[PDB]
Amino acid sequence: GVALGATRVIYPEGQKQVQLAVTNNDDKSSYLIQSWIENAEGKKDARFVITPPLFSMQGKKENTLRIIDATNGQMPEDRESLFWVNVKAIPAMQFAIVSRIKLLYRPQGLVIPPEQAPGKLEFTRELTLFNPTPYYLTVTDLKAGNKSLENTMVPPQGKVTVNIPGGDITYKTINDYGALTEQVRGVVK
Amino acid sequence: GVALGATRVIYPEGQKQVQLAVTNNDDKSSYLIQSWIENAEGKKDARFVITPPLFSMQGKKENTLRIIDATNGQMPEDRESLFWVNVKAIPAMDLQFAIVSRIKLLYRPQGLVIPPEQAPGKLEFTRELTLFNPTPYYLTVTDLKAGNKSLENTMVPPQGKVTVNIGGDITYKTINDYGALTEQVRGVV
């Protein structure tokens, strides 16, 4: 069937557009593909445009969605902002195919670079995770002792609690290309 | 979701196999994982074999894909060759799009005229912007700026040119063998 080429899209301020690949490997099927953008509050938002908003995909094919910054200077410049790309495929015939993927808008000139963000996570046994960076960080493979903990996403300058059945802390993050990083030992307070 | 352990795989001539880590980080999801290799023109190619080509992941799992040289000694020996490893994760309903992770596989012959770390600094820029790469390596150029206008990311094939649609100083970064960003380099038109 249909596939998307990414699990997240980073939009670096200054870029005129970013692309998202949409593919169909089946020569015999046809789809209508509709897409739109929502803010983090769950509403349709016009600060980013995606085009074409509706297209037909007939057979084995690769199509590209373009995402354009129409923000017009109205975004926080000191942290990332989170949007959601919604794509829906309607087969040519309740049977629609729907995905939502993160769109992270990243302002120019943040002082901590993306690759140094993960190693700044602070853990407090009370565990509370604190993120003193301007990035949204996706934490996975989180372990405290021999116990495997749940995945979490920590917002810029935010805190999240991870339940543990009571009480070394290690983990990986998902990077900008959707890959797993190397294992990291957290900063424990 | 499903995440790969790397964004690119270097296959050094003579190695019998290279491994690629594939992981499902979510205990609530299940997947079928289908993988194949393409050449640089985007057509399925059998000079490299990936196995298993089809497998399933139920819950939190880590698997290893093996990539095997079946080139039969017919690769060019004076330049890298580019292949595309495609890993498609198809989600089981418990409704959603499959996700295809496409990463670069760079076959690298022994005896190249310059080691990898010297390549980035040889790139040549001509007003026409044309990027000319006189080295035996594929160069992945990011953070490309002409003066103060951000340009699109690009990849320059070994001994090839590429045109980037746009005075000012030209600055850029490249992605190295480990998927990391090099330091900014100053080019001159």
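When we count neighbours, we look across all protein chains shown, and the Cβ atoms used for this are built from the backbone with ideal geometry, even at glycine. Numbers and lists here come from the model and the stated rules, or from a named source; no laboratory instrument gave them.
Select from the range B:43-62 the residues that are of a type in the set (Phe, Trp, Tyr) and under 22 Å from the mean Cα position of the chain (by Cα) and list them in ascending order. Matches in the range B:43-62: B:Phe48 only. Got at least one residue in the range A:6-17 being away from chain B (no Cβ under 13 Å) and surrounded by fewer than 15 Cβ atoms within 10 Å (Cβ to Cβ)? Looking through the range A:6-17, none of the residues is away from chain B (no Cβ under 13 Å) and surrounded by fewer than 15 Cβ atoms within 10 Å (Cβ to Cβ). Check whether at least one residue in the range B:154-169 is within 22 Å of the chain's Cα centre (by Cα), closer than 23 Å to B:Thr7 by Cα, within 14 Å of another protein chain (Cβ to nearest Cβ) and of a type in the set (S, T, N, Q), and report yes or no. Yes, there is a match, as at least one residue in the range B:154-169 is within 22 Å of the chain's Cα centre (by Cα), closer than 23 Å to B:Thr7 by Cα, within 14 Å of another protein chain (Cβ to nearest Cβ) and of a type in the set (S, T, N, Q).
Does B:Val85 qualify as being among the aliphatic types (A, V, I, L, M) and under 19 Å from A:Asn25 (Cα atoms)? Considered against the rule, which asks whether it is among the aliphatic types (A, V, I, L, M) and under 19 Å from A:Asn25 (Cα atoms), B:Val85 comes out as yes.
Taking B:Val87, is it in contact with a strand residue (DSSP E or B) (Cβ under 7 Å, 6 or more places away or on another chain), within 29 Å of B:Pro134 (Cα to Cα) and not assigned by CATH to the domain that holds B:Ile175?
Spelling it out, it is not the case that B:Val87 is in contact with a strand residue (DSSP E or B) (Cβ under 7 Å, 6 or more places away or on another chain), within 29 Å of B:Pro134 (Cα to Cα) and not assigned by CATH to the domain that holds B:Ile175.
Restricting A:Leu54, A:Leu32 to those that are touching a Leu at 6+ places or on another chain (Cβ under 8 Å) and surrounded by fewer than 13 Cβ atoms within 10 Å (Cβ to Cβ) reduces the list to A:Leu54.
Residues B:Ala3, B:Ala40: which one is under 16 Å from the mean Cα position of the chain (by Cα) and away from chain A (no Cβ under 14 Å)?
Only one candidate qualifies: B:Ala40.
Considering the range B:173-188, and only residues there that are over 16 Å from A:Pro113 (Cβ atoms) and either within 20 Å of the chain's Cα centre (by Cα) or surrounded by 14 or more Cβ atoms within 10 Å (Cβ to Cβ) (or both), the residue that is nearest to the other protein chains (Cβ to nearest Cβ) turns out to be B:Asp177. Checking B:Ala3, B:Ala40 one by one, the residue that is within 25 Å of B:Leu139 (Cβ to Cβ), surrounded by 13 or more Cβ atoms within 10 Å (Cβ to Cβ) and of a type outside the set (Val, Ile, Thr) is B:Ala40 and no other. Take the residues in the range A:63-106 that are assigned to a loop (DSSP other than H, G, I, E, B) and within 13 Å of chain B (Cβ to nearest Cβ); name whichever of them is nearest to the chain's Cα centre (by Cα). It comes out as A:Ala96.
Say whether the condition of being surrounded by fewer than 17 Cβ atoms within 10 Å (Cβ to Cβ) and closer than 17 Å to B:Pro12 by Cα is met by at least one residue in the range B:117-139. Yes; the residues of the range B:117-139 include at least one that is surrounded by fewer than 17 Cβ atoms within 10 Å (Cβ to Cβ) and closer than 17 Å to B:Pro12 by Cα. Exactly one residue among B:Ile90, B:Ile50, B:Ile68 is within 30 Å of A:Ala96 (Cβ to Cβ), out of contact with any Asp or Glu (no Cβ under 8 Å at 6 or more places or on another chain) and β-branched (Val, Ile, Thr), and that residue is B:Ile90.
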